[PDB]
Amino acid sequence: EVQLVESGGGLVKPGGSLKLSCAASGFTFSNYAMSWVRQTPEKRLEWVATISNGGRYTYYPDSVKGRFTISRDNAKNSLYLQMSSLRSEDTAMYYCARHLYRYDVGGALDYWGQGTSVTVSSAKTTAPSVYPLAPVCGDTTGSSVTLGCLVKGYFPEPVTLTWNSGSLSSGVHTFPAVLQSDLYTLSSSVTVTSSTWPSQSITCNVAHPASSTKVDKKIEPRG
Amino acid sequence: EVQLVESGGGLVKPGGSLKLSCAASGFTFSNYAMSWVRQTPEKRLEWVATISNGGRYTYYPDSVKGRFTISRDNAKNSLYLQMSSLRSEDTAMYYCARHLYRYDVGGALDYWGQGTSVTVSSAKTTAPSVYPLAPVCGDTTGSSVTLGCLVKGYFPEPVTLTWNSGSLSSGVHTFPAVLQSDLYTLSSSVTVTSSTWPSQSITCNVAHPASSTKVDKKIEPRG
Amino acid sequence: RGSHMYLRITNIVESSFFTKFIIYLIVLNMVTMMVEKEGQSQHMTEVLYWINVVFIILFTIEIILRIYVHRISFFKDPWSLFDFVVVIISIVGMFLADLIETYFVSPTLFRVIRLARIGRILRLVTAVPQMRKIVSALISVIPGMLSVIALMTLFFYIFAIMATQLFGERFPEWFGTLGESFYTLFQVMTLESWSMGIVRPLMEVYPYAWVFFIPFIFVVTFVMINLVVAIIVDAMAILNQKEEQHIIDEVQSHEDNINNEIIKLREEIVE
Amino acid sequence: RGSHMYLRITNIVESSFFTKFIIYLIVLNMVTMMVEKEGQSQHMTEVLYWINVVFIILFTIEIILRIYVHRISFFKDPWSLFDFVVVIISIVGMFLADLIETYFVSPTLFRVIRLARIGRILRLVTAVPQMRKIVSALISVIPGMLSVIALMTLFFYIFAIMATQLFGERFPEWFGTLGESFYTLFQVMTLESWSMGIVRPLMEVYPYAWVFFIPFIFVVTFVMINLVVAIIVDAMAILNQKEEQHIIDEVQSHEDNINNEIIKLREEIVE
Amino acid sequence: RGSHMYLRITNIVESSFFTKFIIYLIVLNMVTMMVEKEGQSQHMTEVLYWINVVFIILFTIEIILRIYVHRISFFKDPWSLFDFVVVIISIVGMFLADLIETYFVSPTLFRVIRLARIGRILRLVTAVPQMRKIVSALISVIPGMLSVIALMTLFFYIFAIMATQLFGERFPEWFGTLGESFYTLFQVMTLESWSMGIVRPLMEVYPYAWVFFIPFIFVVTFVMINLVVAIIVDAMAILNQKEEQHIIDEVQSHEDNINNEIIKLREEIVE
Amino acid sequence: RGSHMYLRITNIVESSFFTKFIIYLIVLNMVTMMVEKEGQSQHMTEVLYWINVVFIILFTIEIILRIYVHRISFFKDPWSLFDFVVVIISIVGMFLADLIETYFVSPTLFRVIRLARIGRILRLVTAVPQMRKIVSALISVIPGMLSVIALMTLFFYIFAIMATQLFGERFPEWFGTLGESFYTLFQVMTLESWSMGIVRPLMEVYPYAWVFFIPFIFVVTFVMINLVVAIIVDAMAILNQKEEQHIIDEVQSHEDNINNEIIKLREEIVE
Amino acid sequence: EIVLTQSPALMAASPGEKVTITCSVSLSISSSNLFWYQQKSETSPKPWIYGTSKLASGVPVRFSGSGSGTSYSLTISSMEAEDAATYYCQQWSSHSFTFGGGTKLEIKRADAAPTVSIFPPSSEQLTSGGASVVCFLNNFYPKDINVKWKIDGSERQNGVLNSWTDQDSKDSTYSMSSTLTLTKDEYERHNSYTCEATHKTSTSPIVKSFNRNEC
Amino acid sequence: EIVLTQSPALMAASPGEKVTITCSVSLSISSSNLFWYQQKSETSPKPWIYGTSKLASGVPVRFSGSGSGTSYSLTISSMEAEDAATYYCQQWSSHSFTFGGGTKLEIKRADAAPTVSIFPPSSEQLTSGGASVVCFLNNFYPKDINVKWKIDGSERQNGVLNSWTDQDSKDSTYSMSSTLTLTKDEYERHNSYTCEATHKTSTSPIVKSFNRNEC
């Protein structure tokens with residue numbers, strides 16, 4: 001298979017610098033021109049760099065000329081994007097992409113890597129709060145009950161949430177995060193039959209590798 | 001990376017037939033001759049087939065001439081070994097191996113796949129019994145205690161055993177299986193401080209995919 | 001009636017008009033074979049059938065006329081002999097190929113009966129006088145090459161034997177049999193990928209493989225050079241031989257004018 | 001005044017100085033077309049523009065002068081006819097290019113108006129007498145090659161038909177259409193990757209594919225050899241024709257030098 | 001009896017029949033060496049053995065006969081000298097090969113004793129008169145090439161020194177040693193993958209590497225061209241020398257044919 | 001003493017012995033430069049130093065002797081001029097290279113001062129009379145090629161302009177600049193990977209790219225053929241000029257013998 | 001530098017419908033240089049049409065592309081649920097790639113009322129010095145929904161927070177959560193809380209609510 | 001068809017020791033055609049020496065190879081714990097690969113007595129109609145150990161079953177389990193059971209045992 005994997009990313013401060021790397025497999029890397037494409041949070045795609053197959057020619061849009069530098073190592077089968085003087089504008093998923101035709105520095109991008117998120121922001125890496133959403137003391141009808149987990153106060157976007165180590169991979173919704181005052185709030189809902197509730201089987205598995213943080217809080221019965 | 005993965009294998013009856021397949025990645029497959037090498041249970045290595053890079057020439061030892069047939073598909077980047085009239089002699093791990101030099105049908109085998117076990121036997125696929133080894137009622141000193149899990153009566157060799165989903169990846173020994181009357185017996189030991197015993201934390205995670213069987217028996221306190 | 005027709009009809013066949021007329025018929029028939037195509041209307045196929053029938057009978061009267069004049073000599077000119085065969089094959093390939101393939105069914109015939117098409121292309125060599133000239137010139141070069149072609153073939157055979165035994169055991173796709181080795185040495189002679197594709201991989205296993213193929217390249221290049229040099233000086237000899245005689249003839253013309261007059265100087269003494 | 005100007009101005013246009021003078025103008029105009037470049041100052045662009053204007057009028061008066069002298073004969077010398085066309089295009093390509101594209105807009109024209117540059121390069125052939133000599137020599141070779149080039153083209157057509165029907169079903173990138181086959185056979189004729197790139201992949205499916213391409217390589221190489229030999233022996237004939245006549249002339253000199261004496265001696269004997 | 005046998009037996013050995021007879025024996029012996037094959041019956045091996053014995057004695061009496069007639073001159077004709085050596089090796093390679101390898105056990109011999117086969121193939125050159133002619137012609141070309149081959153070898157040595165010191169540090173597989181560099185430059189001279197395989201990879205590290213190899217290609221191509229031209233004009237000189245003399249001879253014929261008459265006419269005038 | 005030394009010492013320098021003696025000195029010095037090697041004993045390095053010093057002074061007296069006899073004419077023979085330069089460079093490269101590099105330090109000098117080695121190799125051309133002959137022959141061929149080399153260079157320039165604008169936009173590694181395009185077209189002219197490596201990838205993007213490169217191949221092949229044909233017929237003209245004159249001289253010899261005798265036939269009438 | 005514009009930006013389409021989306025180009029371009037990509041939720045874009053009309057390997061032949069000059073289009077003859085994605089046109093010229101804004105296909109299911117739930121904070125958040133009342137609206141359709149927060153009679157929208165899911169590809173319903181964050185005391189001195197969840201299926205809001213004296 | 005033989009078959013070696021193992025060839029072979037592989041527990045063989053002496057990429061330069069003709073050797077100048085593996089020589093000739101029998105390097109540690117444990121069956125096995133008394137011997141060294149089963153005085157070795165581990169690469173101790181399987185009644189009418197575990201460290205056996213009246 002053709003495969004591309006980006007690496008680097010994470011959080012930077014404005015004016016800072018970061019280097020992305022792309023590793024290529026399953027094709028003659030030195031036969032192909034390579035490109036980097038942004039996808040901004042409003043999902044607009046934006047090309048940011050292109051390099052010829054021998055590395056001798058490089059192309060950029062005026063939005064990033066002199067700030068970014070694309071480069072490649074045909075022996076390591078890898079592609080790099082040195083980013084410098086980074087700005088909040090540059091917050092995006094960055095994809096590594098191979099050109100459709102060999103040697104052709106134009107045309108189309110036939111294979112794209114999975115991407116690495118780059119966040120450029122002045123805020124500070126915080127760990128997530130995790131609050132159980134114990135259901136209202138009321139109807140609690142047991143045939144179904146809505147249960148929730150609230151994950152709050154972190155800042156680097158990619159938290160991950162899971163219910164009971166993935167055994168509850170159904171009835172769940174994981175709602176996209178949103179930015180309060182410089183901090184994200186995330187929440188999730190699970191709806192289950194009382195055949196598993198009230199019990200500690202309802203574990204909110206949540207992780208925030210940007211602060212090395214993991215907890216497994218329980219949505220205990222309210223009283 | 002260069003990578004080779006074998007597939008097929010499993011249990012056959014004497015006189016039966018089986019096809020192994022090898023998938024290749026990370027090199028120009030059509031530039032290299034390929035070989036299959038047995039490793040018998042007493043760990044003796046034995047070459048069984050070679051094919052030229054274009055597939056037009058094939059070589060075998062007299063032990064398997066006319067029984068085995070090596071073949072390749074340079075488009076699928078895959079290698080095959082059709083085995084027929086299989087015998088108990090042919091019980092072995094089968095490795096797929098690339099030749100060191102290009103086009104050279106001789107020389108050395110520079111990359112080897114992980115292998116697939118082939119068992120040729122007349123016995124019948126049985127599921128494993130699993131018996132707790134509750135420790136003797138006696139000294140039971142708690143500072144440490146030896147705990148065991150006994151897995152019995154299966155026949156296809158590759159069972160897998162695990163203690164508490166791998167959390168106890170220490171103090172463990174998993175003893176190689178042995179063949180009673182046509183059936184394997186396996187056992188395992190874990191030694192732990194009483195800070196986790198007596199409790200159901202001591203789970204024997206055991207699986208036998210050849211009979212689709214899994215259980216998680218507990219080494220409960222004896223009484 | 002009688003030979004008066006034969007005298008008149010030779011004045012047709014041997015005419016510059018008739019030669020040129022047949023040439024255009026071949027060109028037009030060659031053109032119609034360019035628009036024949038599977039993705040087309042039945043109506044186009046039916047029209048092309050009749051047009052192709054018109055040509056096949058029209059060339060038939062050409063062969064009949066040419067035989068009628070040249071008779072026993074027709075079946076001896078290789079050019080006229082070829083044209084005859086092509087007309088016969090083109091008859092079979094349109095009015096009997098189905099009747100053959102429907103009984104003597106073979107997968108080759110659906111690919112071999114195409115030969116009736118290729119034959120009608122080659123008529124453009126046979127009909128055009130300037131093309132007969134160049135082809136007969138090229139063929140006449142071959143007899144002079146036979147001795148050096150035999151030598152090259154014998155050198156190839158020797159090197160193919162050696163290359164099979166030296167390298168065929170571990171590189172059978174290139175040298176495993178005498179036929180494999182013959183093909184690979186021909187590739188090496190054309191210098192096609194000879195080093196990066198053949199000899200450098202070999203030297204990973206046989207470090208002195210260069211001691212085989214570099215002398216091989218010198219030999220077959222040297223023999224090819226001398227083959228071409230032979231053709232050049234052969235064609236030059238055909239020229240020089242003409243210049244030589246013209247100079248000798250003028251020496252013998254000069255011999256005539258001078259000697260046959262200087263003879264008279266002894267009898268003209270009577271004056 | 002009067003024809004005394006025409007007689008005198010011919011002695012300018014036909015002068016060795018004027019010939020050399022125009023050559024240097026072409027060299028300098030060619031040099032200026034080397035420093036034209038997108039990354040440059042506006043001031044450099046304005047300067048180079050005027051210099052390019054200076055040349056275009058300066059070559060225009062050359063054409064006017066040459067027409068004024070050669071008149072009816074100017075529009076028949078192919079060399080002068082080319083220079084005339086180049087000046088016309090070089091006027092259009094600088095003072096009417098936008099006026100054209102603003103109405104007859106086409107994406108080809110953005111790339112075709114370059115032709116005014118290429119034409120002004122080719123004037124370095126037309127102006128230099130030694131270059132006219134070599135180019136007319138080269139062109140004179142072409143008529144002799146037409147029969148062997150027509151033969152080669154016809155062989156390519158026959159083999160392209162066969163190679164399409166044989167291999168095109170399964171190697172369409174190389175033989176799927178008559179044009180694909182034509183291109184691949186030309187590649188094979190140049191011996192470029194013919195075996196490792198084409199014929200060995202074919203023999204993974206068609207083991208006897210070598211029976212097609214190796215005879216093909218022999219045929220086209222043989223025709224190419226004979227094409228070159230024909231050029232050599234033609235040029236030699238042009239030589240030998242001179243040596244032949246010079247030898248005959250001196251034989252016919254010796255004819256008269258002696259035969260005039262055999263005349264006199266018969267009447268001198270009467271003394 | 002006596003020299004009447006020697007005179008008569010020469011009339012056998014020097015006969016056109018005996019020459020042709022030996023040729024067919026070589027052809028048949030060559031054919032038998034084509035069906036020798038590991039996968040065969042013991043009975044076929046025993047038969048072919050005796051047939052191979054029949055030939056080896058039958059060629060032995062040929063050598064004895066040819067020595068008996070030519071004697072001191074036999075061991076000086078290089079063609080006869082080769083045939084003699086081949087019979088010697090072909091005796092050793094069948095009746096003493098095991099007796100050798102059982103004491104002087106060397107792994108080369110298992111592959112070198114094949115030489116008895118190759119030698120018997122090369123006799124097809126030595127026996128056929130047309131083949132001796134072409135081979136002696138080819139060999140006679142070599143002395144004239146030695147000065148230009150020595151020059152080419154010296155240029156290769158200089159460029160191999162430079163290419164090692166320039167590129168060998170970082171491309172050892174191509175230039176790391178003087179022998180590596182020699183091989184790569186020979187590949188470049190044959191134009192085999194010279195750019196895509198060698199020089200473009202070099203220019204990924206050494207952008208001006210083209211300044212080395214493109215002048216190299218020009219030099220060695222120019223020397224190769226002049227080497228071939230030298231062979232052509234040498235062969236033409238061998239021709240012209242004949243035409244020259246024949247023209248002079250007929251001039252000197254005309255010298256006598258006329259000057260003998262100017263002699264007689266002065267005494268005939270006394271009549 | 002006096003010019004009696006100069007007369008005697010010319011009999012040294014012009015001697016066949018002295019020429020051959022110097023040749024072997026160059027060969028021995030060339031051999032010593034083959035055993036120079038980084039991985040060697042200090043003792044080997046010290047011994048080679050003294051031996052290399054022995055040669056450098058020994059060639060110095062050769063230059064002094066050759067200047068002493070030829071004087072003002074020495075500094076005009078290009079061969080003697082080259083030998084002088086090489087001795088001077090070889091002095092600097094052994095007794096001053098360190099003193100230069102230790103002050104005018106440059107990374108090029110550690111790679112350029114090697115030139116003192118390459119120069120002493122080329123002396124093997126200059127000293128050997130048979131090598132001077134072949135090199136001067138090759139050089140004298142160049143002036144006749146200049147007009148066709150200029151034409152080829154001009155065609156390359158035109159095609160490089162077109163190829164840059166047509167394909168360099170999207171294939172900059174091959175045509176992105178005039179220099180890129182020049183190199184790639186040279187590769188195409190040598191037919192090296194021209195189709196599989198260049199033109200087939202292009203036609204994935206520019207389907208009509210074949211309309212550019214196939215006409216290009218025809219042109220540069222045709223010009224290369226005519227370049228070589230020119231060299232052949234040029235060298236043939238140098239021959240045929242000699243054959244012509246020998247025939248004319250014999251015609252004038254025959255003119256002399258006959259006419260100077262046929263004169264007497266009018267005065268010998270007195271007998 | 002050429003700009004590509006796509007229309008519509010969102011397209012509510014139903015299985016079996018013929019779908020056509022347009023890419024308009026600010027200049028004439030070669031039809032060989034216009035490309036289409038399909039991007040699905042949380043994956044990278046995949047090539048879909050090469051040139052104006054050549055489908056990429058594996059594209060269902062229900063897809064097609066057509067256009068020339070300044071106007072281009074992609075068409076599905078009959079939509080399938082797997083076609084729900086964002087489609088980007090792309091061109092290359094000079095030396096720059098440019099992309100269209102994208103068109104998001106929205107599968108059309110039938111009306112579905114939200115399962116509305118509400119939750120008072122866990123005391124862990126109260127001990128954190130504040131409160132955030134949470135409201136859930138699971139498996140509704142269409143996406144357009146208003147959530148509305150009243151707190152002992154009065155609305156207190158000042159701290160409302162909202163996050164929608166995409167179409168969950170289980171049944172192409174949407175989900176939503178709403179949260180009103182409050183201070184420690186703005187919770188503890190008030191009793192009744194409601195999110196007046198009103199939806200296109202339910203002009204009567206579900207007004208799922210709780211009181212704070214019990215738990 | 002050439003046979004390769006290796007000596008020793010097992011080699012108890014200690015870190016820092018110079019280790020040398022031999023491959024002997026039944027015929028003279030080219031030294032360029034003899035190869036060495038290293039195979040570690042439950043992995044595939046990896047190339048180690050190319051030809052007689054060229055180390056493979058990444059082989060620690062403490063390894064070396066030497067030999068010619070019919071005799072070849074591999075040497076470690078100073079053993080490391082990661083070198084504990086099975087080493088196979090290999091040649092190629094005619095058209096067949098052949099391999100040596102292998103040499104297993106055994107890392108040498110110091111004497112270590114077995115932690116001996118014993119277990120009566122769980123009643124689940126009794127309800128299965130039989131019994132299997134189990135004995136464990138964890139983290140002993142050397143590998144050589146005798147286990148010995150007495151059952152109310154008498155030995156009853158008839159059903160003994162044994163499985164050793166390899167060297168566990170935690171500390172290069174061995175482990176072992178022993179099991180005596182018995183019928184339903186051969187368990188329930190006997191009371192005292194022992195594995196008389198005797199070891200090179202412990203000529204007094206550990207005789208870990210249980211009685212069957214209590215549990």
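Here is how names work: the chains are called A, B, and so on, in the same order as the sequence lines, proteins then strands, and each is numbered from 1. Computation of the quantities below employed the complete heavy-atom set of this structure, encompassing side-chain atoms and omitting hydrogens, waters and symmetry-equivalent molecules.
- When the candidates C/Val128, C/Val270, C/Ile134 are compared by the number of heavy-atom contacts under 4.5 Å with chain D, C/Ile134 comes out ahead.
- For D/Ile232, the part sitting under 4.5 Å from any heavy atom of chain C is the side chain, from C-beta outward, and nothing else.
- Proximity of D/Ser195 to C/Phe186: side-chain heavy atoms (C-beta onward) are nowhere separated by under 4.5 Å.
- Looking at every heavy atom in both residues, C/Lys264 comes nearest to D/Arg266 through CD-NH1, 4.4 Å.
- Proximity to chain C is absent for every atom of D/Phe213, based on heavy atoms less than 4.5 angstrom apart.
- Residues D/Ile269 and C/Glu271 fail the side-chain proximity criterion, which asks for heavy atoms closer than 4.5 Å.
- The part of C/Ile198 that comes within reach of chain D is its side chain, from C-beta onward, which places non-hydrogen atoms under 4.5 angstrom from that chain.
- Neither the backbone nor the side chain of D/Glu261 has a heavy atom closer than 4.5 Å to any heavy atom of chain C.
- Proximity to chain D (any heavy atom under 4.5 Å) is shown, for C/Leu138, by both the backbone and the side chain.
- The structure places CE of C/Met30 at 6.0 Å from CG of D/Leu154, a figure rounded to the nearest 0.5 Å.
- Both the backbone and the side chain of D/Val199 come within contact range of chain C, judged by heavy atoms closer than 4.5 Å.
- Interface residue D/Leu265: backbone and side-chain heavy atoms are both found under 4.5 Å from chain C.
- Only the side chain of C/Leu239 has a heavy atom closer than 4.5 Å to any heavy atom of chain D.
- Heavy-atom contacts from other residues, nucleotides or ligands closer than 6.0 Å to CD1 of D/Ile142 number more than 12.
- We find the CD1-CZ distance between C/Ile121 and D/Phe155 to be 12.5 Å, quoted to the nearest 0.5 Å.
- Across all their heavy atoms, D/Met196 and C/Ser193 have their closest contact at CG-CB, 3.7 Å.
- Neither the backbone nor the side chain of D/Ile263 has a heavy atom closer than 4.5 Å to any heavy atom of chain C.
- Using a 4.0 Å cut-off between a side-chain N of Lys or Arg and a carboxylate O of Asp or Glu, D/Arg200 and C/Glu173 do not qualify as a salt bridge.
- Remark: the backbone N or O of C/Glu243 is not paired with any side-chain donor or acceptor of D/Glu244 at under 3.5 angstrom.
- Among the candidates C/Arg111, C/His246, C/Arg114, the residue making the largest number of heavy-atom pairs closer than 4.5 Å to chain D is C/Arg114.
- Between the CD1 atom in C/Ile231 and the CG atom in D/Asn226 there is a gap of 6.0 Å [rounded to 0.5 Å].
- With values rounded to the nearest 0.5 angstrom, D/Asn259 atom CG is found 4.0 Å from C/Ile258 atom CD1.
- With a 4.5 Å cut-off on non-hydrogen atoms, D/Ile262 touches chain C through its backbone and its side chain both.
- Within a 6.0 Å radius of CH2 in D/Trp210, no more than 12 heavy atoms belonging to other residues, nucleotides or ligands are found.
- The part of C/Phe110 that comes within reach of chain D is its backbone (N, CA, C, O), which places non-hydrogen atoms under 4.5 angstrom from that chain.
- A 4.5 Å side-chain heavy-atom check between C/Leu122 and D/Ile158 finds at least one atom pair inside the cut-off.
- When C/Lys133, C/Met236, C/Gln187 are compared by the number of non-hydrogen pairs under 4.5 Å with chain D, C/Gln187 comes out ahead.
- Residues D/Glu255 and C/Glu250 have side chains not in contact (no heavy-atom distance under 4.5 Å, counting atoms from C-beta outward).
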